[PDB]
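Since the structure comes first, as structure tokens, the remarks are kept for the end.
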Amino acid sequence: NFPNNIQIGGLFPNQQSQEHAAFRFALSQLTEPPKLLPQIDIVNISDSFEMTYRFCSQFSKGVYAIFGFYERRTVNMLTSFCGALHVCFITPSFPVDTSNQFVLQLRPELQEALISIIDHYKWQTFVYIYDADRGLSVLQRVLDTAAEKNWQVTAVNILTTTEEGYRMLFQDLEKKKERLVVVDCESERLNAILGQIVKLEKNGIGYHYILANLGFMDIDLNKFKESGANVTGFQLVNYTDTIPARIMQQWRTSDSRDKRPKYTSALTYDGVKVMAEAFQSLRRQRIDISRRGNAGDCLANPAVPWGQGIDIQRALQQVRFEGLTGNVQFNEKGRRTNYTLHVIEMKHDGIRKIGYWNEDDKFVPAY
Amino acid sequence: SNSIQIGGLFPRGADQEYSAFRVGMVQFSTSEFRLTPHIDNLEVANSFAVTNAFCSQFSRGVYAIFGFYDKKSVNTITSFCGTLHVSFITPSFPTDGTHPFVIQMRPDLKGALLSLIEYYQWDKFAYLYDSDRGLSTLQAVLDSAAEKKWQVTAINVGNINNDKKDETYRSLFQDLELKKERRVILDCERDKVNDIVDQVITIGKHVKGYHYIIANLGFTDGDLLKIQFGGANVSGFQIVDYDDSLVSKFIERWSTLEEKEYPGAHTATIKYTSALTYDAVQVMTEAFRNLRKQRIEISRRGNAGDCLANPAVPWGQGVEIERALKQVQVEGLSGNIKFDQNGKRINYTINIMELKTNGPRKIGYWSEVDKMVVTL
Amino acid sequence: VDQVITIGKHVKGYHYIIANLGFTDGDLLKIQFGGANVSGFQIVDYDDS
Ligand SMILES: *[C@@H]1O[C@H](CO)[C@@H](O[C@@H]2O[C@H](CO)[C@@H](O[C@@H]3O[C@H](CO)[C@@H](O)[C@H](O)[C@@H]3O)[C@H](O)[C@H]2NC(C)=O)[C@H](O)[C@H]1NC(C)=O
Ligand SMILES: *[C@@H]1O[C@H](CO)[C@@H](O[C@@H]2O[C@H](CO)[C@@H](O)[C@H](O)[C@H]2NC(C)=O)[C@H](O)[C@H]1NC(C)=O
Ligand SMILES: *[C@@H]1O[C@H](CO)[C@@H](O[C@@H]2O[C@H](CO)[C@@H](O)[C@H](O)[C@H]2NC(C)=O)[C@H](O)[C@H]1NC(C)=O
Ligand SMILES: *[C@@H]1O[C@H](CO)[C@@H](O[C@@H]2O[C@H](CO)[C@@H](O)[C@H](O)[C@H]2NC(C)=O)[C@H](O)[C@H]1NC(C)=O
Ligand SMILES: *[C@@H]1O[C@H](CO)[C@@H](O[C@@H]2O[C@H](CO)[C@@H](O)[C@H](O)[C@H]2NC(C)=O)[C@H](O)[C@H]1NC(C)=O
Ligand SMILES: *[C@@H]1O[C@H](CO)[C@@H](O)[C@H](O)[C@H]1NC(C)=O
């Protein structure tokens, strides 16, 4: 029918990580042919050169798809090599503003949700701390809205400001009674910024934080024990829900019979089932795939596309299922669609659920 | 017969710049040696295309590359050049950092702009920026806004599908018809500036009471005559001083060339990008001349190889070439040309301009060390 | 009209009466958004069947 093994390339920035373990777990669950046969390379995801080398090497070796991670410095090469060669890249990484159909973004976009939450608390003047690494398009979106609703935003790039730069602006903030801060960035850099913020903010009274992140619960929230700080964020995964819990139970036993999964690891988990589903849809559609092990060379002019790449791409895009991250679904541009984000709040370990956000209803709360 | 090969990476429409480059090759050529350019025309925003063209020129064994980059391809250029010790000489925007092996012909504009804004004593203003072109100078004024006590309204003018354009630009100004914005910084390519100027006029906002600052280095590159009589203040910056004999003597020549042989070159003015390109040919010529005056042999013995050879071991003479390029000090169309150790223009001058009923007039000048100086 | 526009006298506060019988024979679109009043006469009624 089809080949018995479907080789899948991988572009991972680390030799070991929770994502890796998520990836391997999801794969050992699968039972039906085709067998997804992973072939990954540890690579500096920030270097276009290394990235070009790996991509071409995997393309040459004959993989049917590439699963991996990219950074702001590599999105253009990937989008470009994916578009030119019709090989799909399935990634949990921070979603980009303009990419192509061939790139499949497991991570739901956050920017609309974030604007809702600001509009909710009727913020007017606030600090926006961001990741120069992913959020150059989001800021403009924030600056755009600011023009419309006449906000007074203060942009601060994480990569470029110093300890003293920070001291200084937290010195500006504490001149006024309520200090409003948005922090949009990835988890590892997030935690590093936390320790720097808490120490600067003292009693934490009058400080209100919105963390533009999908793993609110992944954060070390102990850094906020007896901080007056009002902290709001977003959780993508509920581990007590039926499907999620069943899944958590399954690999919890998997590792005991033999730690709480971060959202990127959850996305990695669901990214694998996306791929599994994609090809099993190709088997029942009975479309026949096959690729050259004969090192079909990568660079050329023009780029000669993989003739059946569009088949694998349509399949990946049409995937619909219930995974660790709720409803897994893509619009035609390659992005997560039909998803719900849960909004959470914390004060003196106040773990309350403000409500939820989705594309159709936006934000609905829940003498 | 002394052919030193170089590359030229030219954006697919940079006609005048290429004409300027070909002219400089003639002006500065000598019996000592002949720069022998190999030219690629490419989609400069396409990083794949840019890598292909760089690697193609590297394999040929060029001794340096003159060229252009985009905000999307700048990293390809700096990484590949920095890794392989291949010097890139460019009139493009200066890099945001101290990347080596990159000779940046174009002076920094942020200082002069910040200085000009203070000069007019502005505190509240609109900043029209073009995401296509970059946010770097917006950021500098956003950083400064607190200390300098400004209220900046930043509007992105950069994703306009030419389909509408007219409608968008009118909507933008009829929106600045909210916060009563009358002080406006442009910060766009000369074309986008022209488009916007055209719409300001159609909307009738080129009258007294509005003031525009064109934040590029070519105040008189575009058509100012059409916005000259409305009454609005219009200020800008100029790096090519047509009052200099060197420039005047150049334009005497340039205005004469056959337009068929030199597209873009049968004119009275010349885009500052083309002027920086002409200047680049002088710098490259001097650098390689000076390497001989010091009997530094830089001739490659074996093939440069593949830009994707592994390991990446840069050739020994790259550093010498870089240094020679960075040690060049000449006077050109863009004034005194000098570089620091990171290839950024130093000791340069930017003229400050206002538009008057009798045309653009120089009102002063901005220097690295003197900042803003009113002329009299 | 072309020169009034170039001079910036097609704004609010000016009013022009075009004294011919073909108000819409020429190009009015270009002086439409300045704010000036512009009035004229028309004998060909394009609303007639
Ligand atoms: C992975 O590859 C990327 C290249 O794509 C390397 O990025 C380069 O990273 C270095 C170290 O972080 C950056 O240098 C640092 O720059 C700062 C700011 O100028 C400077 O103050 C520091 O002294 C240091 O030089 C470098 O700028 C960056 N290059 C580019 C083009 O962005 C990365 O280092 C590689 N990492 C590993 C572990 O291999
Ligand atoms: C977290 O801080 C926010 C910030 O105000 C609080 O949310 C407000 O709740 C009050 C009281 O019901 C409402 O009147 C407002 O609608 C909310 N204001 C804003 C600006 O969002 C919230 O009460 C805080 N959480 C805790 C546990 O104290
Ligand atoms: C939005 O996504 C949800 C998934 O939760 C879809 O709702 C399911 O639709 C299926 C297919 O008809 C039904 O069998 C289920 O009962 C629905 N489940 C739930 C939980 O509501 C929904 O169809 C999607 N909407 C769009 C427009 O794609
Ligand atoms: C246009 O330029 C002038 C001169 O720089 C601006 O200021 C004029 O000169 C003095 C100095 O402040 C003011 O007292 C006058 O009121 C200004 N002249 C007039 C007639 O306005 C002037 O403000 C500028 N226009 C704008 C909108 O910035
Ligand atoms: C342009 O047209 C208007 C209406 O015919 C002129 O008069 C306006 O309407 C009333 C009637 O006299 C005046 O009280 C208003 O002051 C006018 N409106 C405005 C905003 O000016 C108006 O004078 C005409 N313009 C000229 C220069 O004749
Ligand atoms: C997950 O469901 C539990 C069900 O009781 C609910 O308490 C919680 O609010 C839900 N999720 C989030 C992210 O808050």
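Each chain of the structure tokens is named A, B, ... in the order shown, its residues numbered from 1; ligands are numbered from 1 in display order.
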Which residues are near ligand 6 in this structure, taking near to mean any atom at most 7 Å from a ligand atom and counting only C-alpha atoms and all ligand atoms? Format them as an mmCIF file with N, CA, C and O atoms, in the first residue's frame.
data_model
loop_
_atom_site.group_PDB
_atom_site.id
_atom_site.type_symbol
_atom_site.label_atom_id
_atom_site.label_comp_id
_atom_site.auth_asym_id
_atom_site.auth_seq_id
_atom_site.Cartn_x
_atom_site.Cartn_y
_atom_site.Cartn_z
ATOM 1 N N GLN A 235 -3.181 28.999 30.717
ATOM 2 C CA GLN A 235 -2.846 27.583 30.718
ATOM 3 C C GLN A 235 -3.511 26.893 29.534
ATOM 4 O O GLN A 235 -4.717 27.021 29.318
ATOM 5 N N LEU A 236 -2.703 26.176 28.761
ATOM 6 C CA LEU A 236 -3.196 25.466 27.592
ATOM 7 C C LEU A 236 -3.704 24.082 27.987
ATOM 8 O O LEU A 236 -4.732 23.622 27.490
ATOM 9 N N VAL A 237 -2.984 23.432 28.896
ATOM 10 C CA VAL A 237 -3.295 22.067 29.310
ATOM 11 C C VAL A 237 -3.949 21.966 30.695
ATOM 12 O O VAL A 237 -3.476 22.569 31.659
ATOM 13 N N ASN A 238 -5.030 21.195 30.778
ATOM 14 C CA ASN A 238 -5.648 20.801 32.045
ATOM 15 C C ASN A 238 -5.367 19.306 32.255
ATOM 16 O O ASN A 238 -5.853 18.473 31.491
ATOM 17 N N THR A 240 -6.202 17.343 34.608
ATOM 18 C CA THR A 240 -7.246 16.653 35.327
ATOM 19 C C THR A 240 -8.399 16.349 34.382
ATOM 20 O O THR A 240 -9.362 15.688 34.765
ATOM 21 N N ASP A 241 -8.296 16.830 33.145
ATOM 22 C CA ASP A 241 -9.313 16.511 32.150
ATOM 23 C C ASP A 241 -9.164 15.063 31.703
ATOM 24 O O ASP A 241 -8.091 14.468 31.818
ATOM 25 N N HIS A 342 -7.329 28.717 28.661
ATOM 26 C CA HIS A 342 -7.870 29.033 29.991
ATOM 27 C C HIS A 342 -7.041 30.132 30.656
ATOM 28 O O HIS A 342 -5.816 30.058 30.663
ATOM 29 N N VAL A 343 -7.720 31.159 31.172
ATOM 30 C CA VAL A 343 -7.077 32.275 31.884
ATOM 31 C C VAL A 343 -7.053 32.043 33.409
ATOM 32 O O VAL A 343 -8.083 31.740 34.024
ATOM 33 N N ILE A 344 -5.860 32.169 33.996
ATOM 34 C CA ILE A 344 -5.659 31.922 35.426
ATOM 35 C C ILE A 344 -5.019 33.128 36.100
ATOM 36 O O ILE A 344 -4.286 33.895 35.475
ATOM 37 N N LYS A 353 -9.486 30.591 38.475
ATOM 38 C CA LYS A 353 -9.657 30.567 37.026
ATOM 39 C C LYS A 353 -10.569 31.702 36.576
ATOM 40 O O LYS A 353 -11.786 31.640 36.750
#
Using only C-alpha atoms, I'd like a table of the residues in chain A that come within 9 Å of chain B; for each, show the closest atom pair and its distance in Å rounded to one decimal, ordered by chain and ascending number, as JSON lines.
{"residue": "A:48", "atom": "CA", "partner": "B:76", "partner_atom": "CA", "distance": 7.8}
{"residue": "A:49", "atom": "CA", "partner": "B:308", "partner_atom": "CA", "distance": 8.5}
{"residue": "A:53", "atom": "CA", "partner": "B:308", "partner_atom": "CA", "distance": 8.5}
{"residue": "A:73", "atom": "CA", "partner": "B:75", "partner_atom": "CA", "distance": 8.0}
{"residue": "A:76", "atom": "CA", "partner": "B:47", "partner_atom": "CA", "distance": 7.4}
{"residue": "A:77", "atom": "CA", "partner": "B:47", "partner_atom": "CA", "distance": 6.9}
{"residue": "A:80", "atom": "CA", "partner": "B:48", "partner_atom": "CA", "distance": 7.3}
{"residue": "A:81", "atom": "CA", "partner": "B:48", "partner_atom": "CA", "distance": 8.0}
{"residue": "A:140", "atom": "CA", "partner": "B:156", "partner_atom": "CA", "distance": 7.8}
{"residue": "A:143", "atom": "CA", "partner": "B:154", "partner_atom": "CA", "distance": 7.2}
{"residue": "A:144", "atom": "CA", "partner": "B:155", "partner_atom": "CA", "distance": 7.0}
{"residue": "A:146", "atom": "CA", "partner": "B:153", "partner_atom": "CA", "distance": 9.0}
{"residue": "A:147", "atom": "CA", "partner": "B:153", "partner_atom": "CA", "distance": 6.9}
{"residue": "A:152", "atom": "CA", "partner": "B:151", "partner_atom": "CA", "distance": 8.9}
{"residue": "A:154", "atom": "CA", "partner": "B:142", "partner_atom": "CA", "distance": 8.3}
{"residue": "A:155", "atom": "CA", "partner": "B:142", "partner_atom": "CA", "distance": 8.0}
{"residue": "A:156", "atom": "CA", "partner": "B:143", "partner_atom": "CA", "distance": 8.8}
{"residue": "A:299", "atom": "CA", "partner": "B:52", "partner_atom": "CA", "distance": 8.9}
(request) Taking the DSSP assignment computed from this structure's backbone, write out as a PyMOL selection string all residues of stretch 15-141 of chain B that belong to strand (DSSP E or B). (result) chain B and resi 34-42+65-67+88-90+102-104+124-129
Could you save those same residues with C-alpha atoms as a compact mmCIF listing (two decimals), in the first residue's frame?
# COMPACT_ATOMS: atom_id res chain seq x y z
CA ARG B 34 42.11 46.83 -12.21
CA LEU B 35 39.27 45.87 -9.87
CA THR B 36 37.52 43.17 -11.87
CA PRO B 37 33.93 43.01 -10.59
CA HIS B 38 31.70 40.00 -10.92
CA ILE B 39 28.07 41.09 -10.68
CA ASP B 40 25.05 39.25 -9.34
CA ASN B 41 21.52 40.68 -9.55
CA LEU B 42 19.24 39.22 -6.88
CA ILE B 65 32.29 41.84 -1.97
CA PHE B 66 30.54 45.15 -2.54
CA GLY B 67 26.83 44.82 -2.08
CA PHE B 88 31.52 43.12 2.66
CA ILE B 89 31.36 46.77 1.61
CA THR B 90 27.87 48.24 1.55
CA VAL B 102 31.54 44.67 7.21
CA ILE B 103 32.46 48.10 5.84
CA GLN B 104 29.41 50.29 6.32
CA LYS B 124 4.62 65.42 21.33
CA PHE B 125 4.75 63.99 17.79
CA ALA B 126 3.78 61.18 15.43
CA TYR B 127 6.41 58.77 14.16
CA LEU B 128 5.59 57.02 10.88
CA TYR B 129 7.80 53.98 10.51
(request) Residues of chain C near chain B: apply a cut-off of 12 Å, count only C-alpha atoms, and supply the list as a ChimeraX atom specification. (result) /C:3-12,29-36
Which residues come within 10 Å of stretch 123-126 of chain A, counting only C-alpha atoms, excluding same-chain residues fewer than 6 positions away, as a CSV table (one decimal) with N, CA, C and O atoms, in the first residue's frame?
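To be explicit, this is the file written out as out-v9.csv:
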chain,number,residue,atom,x,y,z
A,117,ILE,N,-7.2,40.4,27.3
A,117,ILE,CA,-7.0,40.5,28.7
A,117,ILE,C,-6.6,41.9,29.2
A,117,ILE,O,-7.0,42.3,30.3
A,146,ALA,N,-2.4,50.0,20.7
A,146,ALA,CA,-2.1,51.2,21.6
A,146,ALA,C,-2.6,52.5,20.9
A,146,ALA,O,-3.1,53.4,21.5
A,149,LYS,N,-6.7,52.4,20.9
A,149,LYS,CA,-7.3,52.6,22.2
A,149,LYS,C,-6.5,53.6,23.1
A,149,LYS,O,-6.8,53.7,24.3
A,150,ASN,N,-5.6,54.3,22.4
A,150,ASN,CA,-4.8,55.3,23.1
A,150,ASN,C,-4.1,54.9,24.4
A,150,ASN,O,-4.2,55.5,25.4
A,151,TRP,N,-3.4,53.7,24.3
A,151,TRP,CA,-2.6,53.3,25.5
A,151,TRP,C,-1.3,54.0,25.5
A,151,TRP,O,-0.8,54.5,24.5
A,152,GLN,N,-0.6,53.9,26.7
A,152,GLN,CA,0.7,54.5,26.8
A,152,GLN,C,1.7,53.4,27.1
A,152,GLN,O,2.0,53.2,28.3
A,153,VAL,N,2.1,52.6,26.1
A,153,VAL,CA,3.0,51.4,26.4
A,153,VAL,C,4.5,51.8,26.5
A,153,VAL,O,4.9,52.7,25.8
A,154,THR,N,5.2,51.0,27.2
A,154,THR,CA,6.6,51.2,27.3
A,154,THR,C,7.4,49.9,26.9
A,154,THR,O,7.4,48.9,27.7
A,155,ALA,N,7.9,49.9,25.7
A,155,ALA,CA,8.6,48.7,25.2
A,155,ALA,C,10.0,48.4,25.8
A,155,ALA,O,10.8,49.4,25.9
A,173,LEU,N,8.3,53.0,37.6
A,173,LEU,CA,7.0,52.3,37.9
A,173,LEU,C,6.5,52.6,39.3
A,173,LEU,O,5.3,52.7,39.5
A,178,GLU,N,-0.4,51.9,41.0
A,178,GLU,CA,-0.6,50.5,40.4
A,178,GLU,C,0.5,50.4,39.3
A,178,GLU,O,0.5,51.2,38.4
A,179,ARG,N,1.3,49.3,39.4
A,179,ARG,CA,2.3,49.1,38.4
A,179,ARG,C,1.8,48.0,37.5
A,179,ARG,O,1.7,46.9,38.0
A,180,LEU,N,1.7,48.3,36.2
A,180,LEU,CA,1.2,47.3,35.3
A,180,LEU,C,2.2,46.8,34.3
A,180,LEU,O,2.8,47.6,33.5
A,181,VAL,N,2.5,45.5,34.3
A,181,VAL,CA,3.5,44.9,33.5
A,181,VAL,C,3.0,43.7,32.7
A,181,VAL,O,2.5,42.8,33.3
A,182,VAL,N,3.4,43.7,31.4
A,182,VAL,CA,3.2,42.6,30.6
A,182,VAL,C,4.5,42.0,30.3
A,182,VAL,O,5.5,42.7,30.0
A,208,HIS,N,0.8,44.4,39.1
A,208,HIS,CA,-0.1,43.5,38.4
A,208,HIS,C,0.5,43.0,37.1
A,208,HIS,O,0.8,43.7,36.2
A,209,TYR,N,0.8,41.7,37.1
A,209,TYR,CA,1.5,41.1,36.0
A,209,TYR,C,0.7,40.2,35.1
A,209,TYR,O,-0.1,39.4,35.6
Kindly compile the residues surrounding ligand 3 within 12 Å, counting only C-alpha atoms and all ligand atoms, and format them as a PDB file with N, CA and C atoms, in the first residue's frame.
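Below you can see out-v8.pdb, which holds the result:
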ATOM      1  N   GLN A 318      -5.239  18.891   7.612  1.00  0.00           N
ATOM      2  CA  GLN A 318      -6.632  18.498   7.805  1.00  0.00           C
ATOM      3  C   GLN A 318      -6.862  17.735   9.109  1.00  0.00           C
ATOM      4  N   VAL A 319      -5.789  17.497   9.856  1.00  0.00           N
ATOM      5  CA  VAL A 319      -5.871  16.724  11.095  1.00  0.00           C
ATOM      6  C   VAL A 319      -6.780  17.332  12.141  1.00  0.00           C
ATOM      7  N   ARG A 320      -7.623  16.487  12.718  1.00  0.00           N
ATOM      8  CA  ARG A 320      -8.536  16.913  13.765  1.00  0.00           C
ATOM      9  C   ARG A 320      -8.611  15.844  14.845  1.00  0.00           C
ATOM     10  N   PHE A 321      -8.222  16.205  16.060  1.00  0.00           N
ATOM     11  CA  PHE A 321      -8.295  15.272  17.174  1.00  0.00           C
ATOM     12  C   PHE A 321      -8.149  15.935  18.541  1.00  0.00           C
ATOM     13  N   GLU A 322      -8.296  15.116  19.578  1.00  0.00           N
ATOM     14  CA  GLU A 322      -8.265  15.566  20.959  1.00  0.00           C
ATOM     15  C   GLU A 322      -6.995  15.060  21.620  1.00  0.00           C
ATOM     16  N   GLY A 323      -6.039  15.949  21.865  1.00  0.00           N
ATOM     17  CA  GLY A 323      -4.805  15.509  22.466  1.00  0.00           C
ATOM     18  C   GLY A 323      -4.581  16.134  23.813  1.00  0.00           C
ATOM     19  N   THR A 325      -3.353  18.769  24.381  1.00  0.00           N
ATOM     20  CA  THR A 325      -3.505  20.222  24.372  1.00  0.00           C
ATOM     21  C   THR A 325      -4.898  20.626  23.877  1.00  0.00           C
ATOM     22  N   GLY A 326      -5.889  19.843  24.269  1.00  0.00           N
ATOM     23  CA  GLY A 326      -7.234  20.134  23.854  1.00  0.00           C
ATOM     24  C   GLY A 326      -7.444  19.741  22.407  1.00  0.00           C
ATOM     25  N   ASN A 327      -8.239  20.556  21.712  1.00  0.00           N
ATOM     26  CA  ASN A 327      -8.624  20.289  20.354  1.00  0.00           C
ATOM     27  C   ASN A 327      -7.492  20.676  19.405  1.00  0.00           C
ATOM     28  N   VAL A 328      -6.964  19.700  18.662  1.00  0.00           N
ATOM     29  CA  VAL A 328      -5.833  19.932  17.740  1.00  0.00           C
ATOM     30  C   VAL A 328      -6.345  20.050  16.297  1.00  0.00           C
ATOM     31  N   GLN A 329      -6.189  21.236  15.711  1.00  0.00           N
ATOM     32  CA  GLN A 329      -6.826  21.609  14.440  1.00  0.00           C
ATOM     33  C   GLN A 329      -6.066  22.770  13.745  1.00  0.00           C
ATOM     34  N   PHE A 330      -5.947  22.738  12.414  1.00  0.00           N
ATOM     35  CA  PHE A 330      -5.186  23.786  11.711  1.00  0.00           C
ATOM     36  C   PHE A 330      -6.039  24.475  10.635  1.00  0.00           C
ATOM     37  N   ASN A 331      -5.958  25.802  10.575  1.00  0.00           N
ATOM     38  CA  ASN A 331      -6.467  26.520   9.420  1.00  0.00           C
ATOM     39  C   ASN A 331      -5.555  26.317   8.211  1.00  0.00           C
ATOM     40  N   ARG A 336      -2.745  26.623  14.381  1.00  0.00           N
ATOM     41  CA  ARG A 336      -3.783  26.118  15.289  1.00  0.00           C
ATOM     42  C   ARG A 336      -5.076  26.907  15.184  1.00  0.00           C
ATOM     43  N   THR A 337      -6.184  26.211  15.005  1.00  0.00           N
ATOM     44  CA  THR A 337      -7.477  26.873  14.975  1.00  0.00           C
ATOM     45  C   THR A 337      -8.493  26.136  15.851  1.00  0.00           C
ATOM     46  N   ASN A 338      -9.612  26.771  16.205  1.00  0.00           N
ATOM     47  CA  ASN A 338     -10.609  26.160  17.086  1.00  0.00           C
ATOM     48  C   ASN A 338      -9.990  25.717  18.420  1.00  0.00           C
ATOM     49  N   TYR A 339      -9.273  26.593  19.112  1.00  0.00           N
ATOM     50  CA  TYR A 339      -8.684  26.188  20.391  1.00  0.00           C
ATOM     51  C   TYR A 339      -9.213  27.074  21.510  1.00  0.00           C
ATOM     52  N   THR A 340      -9.164  26.574  22.745  1.00  0.00           N
ATOM     53  CA  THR A 340      -9.583  27.330  23.919  1.00  0.00           C
ATOM     54  C   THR A 340      -8.346  27.563  24.794  1.00  0.00           C
ATOM     55  N   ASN A 358     -11.284  32.181  23.436  1.00  0.00           N
ATOM     56  CA  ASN A 358     -11.294  31.456  22.181  1.00  0.00           C
ATOM     57  C   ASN A 358     -11.549  32.427  21.044  1.00  0.00           C
ATOM     58  N   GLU A 359     -11.344  31.963  19.820  1.00  0.00           N
ATOM     59  CA  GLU A 359     -11.459  32.853  18.679  1.00  0.00           C
ATOM     60  C   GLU A 359     -12.865  33.444  18.480  1.00  0.00           C
ATOM     61  N   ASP A 360     -13.912  32.631  18.613  1.00  0.00           N
ATOM     62  CA  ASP A 360     -15.288  33.126  18.464  1.00  0.00           C
ATOM     63  C   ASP A 360     -15.852  34.072  19.530  1.00  0.00           C
TER      64      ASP A 360
END
(request) May I have all residues of chain C that DSSP, computed from the backbone, assigns to helix (DSSP H, G or I), given as a VMD selection string? (result) chain C and resid 2 to 7 29 to 31
